[PDB]
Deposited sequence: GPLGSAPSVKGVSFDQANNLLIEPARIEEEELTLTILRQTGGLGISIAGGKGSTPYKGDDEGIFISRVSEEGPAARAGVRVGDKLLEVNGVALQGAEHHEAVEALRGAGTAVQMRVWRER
């Protein structure tokens, strides 16, 4: 992890975040041996795209809920109950 390089993006839900997530502890890794939660898809018309979310981003926190080393369902539950504003901490390569 590189927490000093992480980004914070806020999705203003209008139901509907306009993303797909993949991965999780014990799941088939999204890339290499990384079992993290990744943004696998971003809808061009959804709020996540407008908030600056991109495919390939690694999801590390959602509204205070830490997702480092989390199982897939834990991220889903954190995102489904996040509320109108979904503050996500992500890491991307630059």
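Q | Missing stretches, numbered from 1 on the deposited chain sequence and kept in order | A | In sequence order, the gaps with no modelled C-alpha are 1-25, 40.
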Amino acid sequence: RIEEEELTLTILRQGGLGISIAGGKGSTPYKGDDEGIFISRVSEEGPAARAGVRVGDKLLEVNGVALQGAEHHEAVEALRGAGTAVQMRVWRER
From here on, numbers count along this sequence of modelled residues.
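Q. Which wins on mean Cα temperature factor, 66-74 or 17-25?
A. Between 17-25 and 66-74, it is 66-74 that shows the higher mean C-alpha B-factor.
Q) Which of the two stretches, 52-60 or 27-35, shows the higher mean Cα temperature factor in the record? A) Stretch with the higher mean C-alpha B-factor: 27-35.
**Q.** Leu9 - which third its CA temperature factor falls in, relative to the rest of the chain
**A.** Lowest third of the chain for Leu9's C-alpha B-factor.
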